[PDB]
Student: 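Below is the structure I would like to discuss, written out as structure tokens.
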Amino acid sequence: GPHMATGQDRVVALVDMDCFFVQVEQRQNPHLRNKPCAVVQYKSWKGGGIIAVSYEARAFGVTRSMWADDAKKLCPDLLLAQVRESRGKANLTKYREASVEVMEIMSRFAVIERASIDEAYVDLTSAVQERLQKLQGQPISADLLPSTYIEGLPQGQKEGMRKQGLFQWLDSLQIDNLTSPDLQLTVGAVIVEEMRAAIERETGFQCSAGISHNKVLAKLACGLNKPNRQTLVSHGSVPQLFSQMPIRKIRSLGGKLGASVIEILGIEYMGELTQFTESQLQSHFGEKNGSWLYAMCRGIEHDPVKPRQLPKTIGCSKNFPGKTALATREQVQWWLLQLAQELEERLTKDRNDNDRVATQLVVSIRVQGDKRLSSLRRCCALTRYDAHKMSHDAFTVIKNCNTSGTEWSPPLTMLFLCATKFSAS
DNA sequence: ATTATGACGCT
Ligand SMILES: Nc1nc2c(ncn2[C@H]2C[C@H](O)[C@@H](COP(=O)(O)OP(=O)(O)OP(=O)(O)O)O2)c(=O)[nH]1
Ligand SMILES: [Mn+2]
Ligand SMILES: [Mn+2]
């Protein structure tokens with residue numbers, strides 16, 4: 001009862017740019033705006049692989065990881081923007097720079113953890129306390145939440161539903177209690193409306209967000225009402241929400257561990273997890289996963305919002321699938337050099353912007369017919385930002401994989417260089 | 001022949 005802590009101490013938001021690469025291209029090219037459009041990498045093989053899809057295009061069934069020539073069968077008016085190609089490979093620089101614009105705006109409101117190029121987590125606990133003191137008991141007006149959904153409401157036209165649910169939530173609110181978790185979430189949501197307004201003002205990019213008490217629920221909330229909307233998932237809404245939530249929808253359960261939860265326990269939905277003791281879950285899935293699942297099915301998660309706005313590694317990768325697999329020494333060298341040249345560019349810019357140097361170079365390759373995604377991963381020292389040296393060292397470090405007697409065998413289907421182990425410079 | 005990344009856990 002009174003001692004069962006409920007994981008309601010924090011206010012955490014997950015902000016996610018809607019179809020981010022598409023929006024970046026649509027800011028740059030107005031002819032793409034408010035159209036079915038997608039972003040592709042390469043164009044020769046089946047029109048190129050799609051990596052981002054506007055919501056208008058998604059309404060036709062266009063999805064990520066789909067060939068453009070197939071998407072065009074579903075959506076013949078689909079517009080396509082192409083990823084920049086440099087030194088023979090995809091170059092994602094435009095989107096990393098757009099991402100940094102967005103991150104820098106979010107950082108003005110709270111500390112953020114960059115979770116990927118287009119999404120960050122936000123720790124709003126301090127910001128909400130400050131704002132709750134600034135209101136001095138003043139109640140929260142629906143006008144402050146023009147794009148917010150309250151999950152699970154209303155109970156007992158899309159925008160009409162949204163406003164009814166918001167009204168129920170606000171009427172149920174105890175504004176005099178500066179320590180009510182639900183009030184904290186509500187104020188967090190007001191701040192997130194402001195953050196999203198600033199992001200759109202200052203970049204033109206729209207985003208969705210989730211507001212809850214931890215990262216997993218913030219992330220799950222964010223996806224309930226997309227695009228250009230934010231969803232508040234309260235502690236009290238967890239039992240109903242989870243009672244029909246497929247386990248795979250929860251961050252980190254979408255793969256093998258989630259599948260084994262489903263198969264071993266004989267369940268489908270997140271809420272069924274509550275029926276097992278912590279020890280049972282630890283027995284099936286290990287001590288960490290067990291504790292995490294026992295708390296998470298009750299809506300409780302303690303993973304902190306790490307104050308990290310910048311990537312921890314800087315990486316360059318290219319697949320060589322099918323018959324393009326690299327089969328000679330000259331080929332492997334030239335592509336290691338192209339990779340090392342892009343990496344050198346990104347690293348020098350990183351050192352100038354962010355006052356840090358990487359110290360370790362990781363070289364990963366795949367060989368043809370290998371089942372694994374990394375056939376080999378080996379590290380060496382990274383002592384100067386010079387593409388020729390980095391490529392020479394990556395070769396030095398992988399060359400004993402060649403089993404030929406000038407040739408390369410098994411041919412390589414992936415090269416990958418990653419600078420890691422940053423130190424302040 | 002979804003591809004390009006990037007975080008993080010296990011050992
Ligand atoms: N190169 C590459 N980029 C990817 C891949 N998956 C996603 N991206 C890029 C394009 C996406 O716009 C961006 C962020 O991914 P998300 O899962 O958040 O989807 P996106 O923002 O496109 O749409 P959303 O509104 O979040 O449903 O990262 C991939 O497999 N390869
Ligand atoms: Mn997104
Ligand atoms: Mn995302």
Side-chain angles (χ1 to χ4, degrees), chain A residues 14 20-21 38-53 61-72 74 80 82-100 103 112-121 215-216 219 251-257 285-293 301 303-326 335 338-339 342-343 346-347 350 358 360 362-366 368-370 373-374 377 411-422:
Chain A
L14 186 274
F20 184 47
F21 286 23
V39 174
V40 290
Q41 294 186 134
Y42 311 121
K43 214 78 194 38
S44 281
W45 185 270
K46 318 192 155 175
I50 283 170
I51 51 172
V53 195
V62 185
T63 72
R64 106 172 239 275
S65 106
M66 187 200 251
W67 296 120
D69 292 350
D70 293 334
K72 276 285 198 176
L74 299 169
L80 296 182
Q82 255 172 120
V83 158
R84 179 179 297 131
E85 255 182 275
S86 295
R87 334 157 208 84
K89 67 178 294 301
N91 177 356
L92 305 175
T93 297
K94 192 194 309 183
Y95 317 106
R96 290 192 188 93
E97 289 178 350
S99 177
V100 165
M103 297 313 184
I112 77 166
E113 175 186 343
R114 180 201 203 270
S116 85
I117 190 147
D118 84 313
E119 88 202 282
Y121 294 94
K215 291 160 82 163
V216 163
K219 174 72 173 155
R251 159 164 100 141
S252 81
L253 297 185
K256 283 209 229 189
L257 173 64
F285 312 119
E287 259 180 25
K288 198 177 265 84
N289 289 334
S291 285
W292 183 87
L293 282 168
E301 200 236 0
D303 186 21
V305 171
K306 309 184 174 193
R308 204 192 56 248
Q309 203 190 319
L310 311 176
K312 170 179 328 215
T313 57
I314 289 182
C316 293
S317 153
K318 182 169 170 45
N319 288 14
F320 303 89
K323 309 214 289 233
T324 61
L326 319 188
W335 281 109
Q338 303 323 290
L339 286 205
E342 159 170 16
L343 191 58
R346 283 167 64 179
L347 283 166
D350 182 76
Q360 170 174 94
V362 179
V363 195
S364 201
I365 63 72
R366 199 153 82 241
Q368 204 173 239
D370 193 314
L373 268 193
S374 276
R377 188 290 219 171
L412 307 189
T413 50
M414 182 261 302
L415 290 177
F416 174 85
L417 291 180
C418 191
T420 74
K421 258 69 175 301
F422 279 102

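Protein chains get the first letters and strands the later ones, always in sequence-line order, with residue 1 at the start of each.
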Student: Can you tell me how far P of B/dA4 sits from CD of A/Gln41, to the nearest Å?
Tutor: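 In whole Å, B/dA4 P and A/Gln41 CD are 6 Å from each other.
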Student: Is A/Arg366 near enough to B/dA4 that one of its side-chain N or O atoms lies under 4.0 angstrom from OP1 or OP2?
Tutor: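 For B/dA4, neither OP1 nor OP2 has a side-chain N or O of A/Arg366 closer than 4.0 Å.
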Student: Closest nucleotide of DNA chain B for A/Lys312 versus for A/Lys288: which of these residues is on the 5' side?
Tutor: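 Comparing both residues, the 5'-ward one is A/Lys312.
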Student: Taking 4.0 Å as the cut-off, does a side-chain nitrogen or oxygen of A/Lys306 come that near to OP1 or OP2 on B/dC8?
Tutor: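 Yes, within the criterion.
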Student: Does a donor on one side chain and an acceptor on the other come within less than 3.5 Å for A/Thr413 and A/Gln368?
Tutor: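 Short answer, no.
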Student: Within the structure shown, what part of the strands sits under 4.0 Å from A/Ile117 by heavy-atom distance: base, sugar-phosphate, or nothing?
Tutor: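 Nothing, no nucleic acid heavy atom in range.
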Student: With a 4.0 Å heavy-atom cut-off, tell me which residues in residues 319-326 of chain A come close to DNA chain B, sorted by residue number.
Tutor: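 Going residue by residue through residues 319-326 of chain A, the ones with a heavy atom under 4.0 Å of DNA chain B turn out to be A/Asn319, A/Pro321, A/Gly322, A/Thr324.
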Student: For the pair made of CG in A/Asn91 and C1' in B/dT5, what is the distance, rounded to whole Å?
Tutor: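 From A/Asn91 CG to B/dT5 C1': 13 Å.
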Student: Figure out the CD/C1' separation between A/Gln368 and B/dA1, and round it to whole Å.
Tutor: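 So the CD-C1' distance, A/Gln368 to B/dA1, works out to 12 Å.
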Student: Tell me the interatomic distance from A/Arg64, atom CZ, to B/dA4, atom P, rounded to whole angstroms.
Tutor: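 From A/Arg64 CZ to B/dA4 P: 12 Å.
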Student: Does A/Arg96 place a side-chain N or O at less than 4.0 Å from the phosphate oxygens OP1/OP2 of B/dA4?
Tutor: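 So the side chain of A/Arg96 is outside the cut-off, no N or O lying under 4.0 Å from OP1 or OP2 of B/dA4.
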Student: Determine yes or no for a side-chain-to-main-chain donor-acceptor pair under 3.5 angstrom, with A/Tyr121 supplying the side chain and A/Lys219 the backbone.
Tutor: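 Absent.
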Student: From the set B/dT3, B/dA4, B/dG6, return the single nucleotide nearest to any side-chain atom of A/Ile51.
Tutor: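 Among the listed nucleotides, the one closest to the side chain of A/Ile51 is B/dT3.
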Student: Would you call the rings of A/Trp45 and A/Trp67 parallel, tilted or perpendicular, where under 30° means parallel and over 60° means perpendicular?
Tutor: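 The arrangement is perpendicular - the two ring planes meet at more than 60°.
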Student: Determine the contact category for A/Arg308: base if any of its heavy atoms lies under 4.0 Å from a base atom, sugar-phosphate if only primed atoms, P, OP1 or OP2 are that close, otherwise nothing.
Tutor: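 Sugar-phosphate, no base atom in range.
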Student: Rounded to whole Å, how long is the line connecting atom CG of A/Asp370 with atom P of B/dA1?
Tutor: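 Interatomic distance, CG of A/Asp370 to P of B/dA1: 13 Å.
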Student: Base, sugar-phosphate alone, or nothing: which one does A/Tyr42 contact when heavy atoms must sit under 4.0 Å apart?
Tutor: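 Sugar-phosphate only.
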Student: Report the distance from atom CD of A/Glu119 to atom P of B/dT5, rounded to the nearest whole Å.
Tutor: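 The answer, rounded to whole Å, is 18 Å.
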Student: Ignoring backbone atoms, establish whether A/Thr313 has a side-chain N or O less than 4.0 Å from OP1 or OP2 of B/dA7.
Tutor: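 Affirmative; the distance criterion is met.
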Student: CE of A/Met414 versus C1' of B/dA1: gap in Å, rounded?
Tutor: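 After rounding, the reported distance stands at 15 Å.
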Student: Mind checking if A/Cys418 touches a base, just sugar-phosphate, or nothing, with heavy atoms under 4.0 Å?
Tutor: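 Counting heavy atoms under 4.0 Å across all strands, no contact is made by A/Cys418.
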Student: Is it true that, when you exclude A/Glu287 itself, more than 12 heavy atoms of the residues, nucleotides or ligands shown sit nearer than 6.0 Å to its CD?
Tutor: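 Atom CD in A/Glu287 is not crowded, with 12 or fewer foreign heavy atoms closer than 6.0 Å.
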Student: Between A/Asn289 and A/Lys89, name the one whose nearest nucleotide on DNA chain B is closer to the 5' end.
Tutor: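 Nearer the 5' end of the strand: A/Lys89.
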Student: Write down the distance between CD1 (A/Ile50) and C1' (B/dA1), rounded to a whole number of angstrom.
Tutor: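 Going from A/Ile50 (CD1) to B/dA1 (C1'), I get 15 Å.
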Student: Quick one: does A/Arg366's side chain have a donor or acceptor within less than 3.5 Å of a partner on A/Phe320's backbone?
Tutor: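 No; judged by distance alone, with no hydrogens or angles, the pair does not exist.
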Student: Starting from the C-alpha separation in whole Å, work towards a yes-or-no answer on side-chain contact (heavy atoms from CB on, under 4.5 Å) for A/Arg64 and A/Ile51.
Tutor: CA-CA 5 Å; A/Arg64 106 172 239 275; A/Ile51 51 172; 5.7 Å; no
Student: If you only use heavy atoms from C-beta on, which nucleotide in B/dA4, B/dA1, B/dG6 is closest to the side chain of A/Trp45?
Tutor: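 It is B/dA1.
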Student: Main chain of A/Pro304, side chain of A/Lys215: is a donor-acceptor contact present, judged purely on distance under 3.5 Å?
Tutor: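 Judged by distance alone, yes, a pair lies under 3.5 Å.
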Student: Minimum heavy-atom separation for A/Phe20 and A/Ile117, please, with both atom names.
Tutor: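 Between these two residues, the closest heavy atoms are CE2-O, 4.1 Å.
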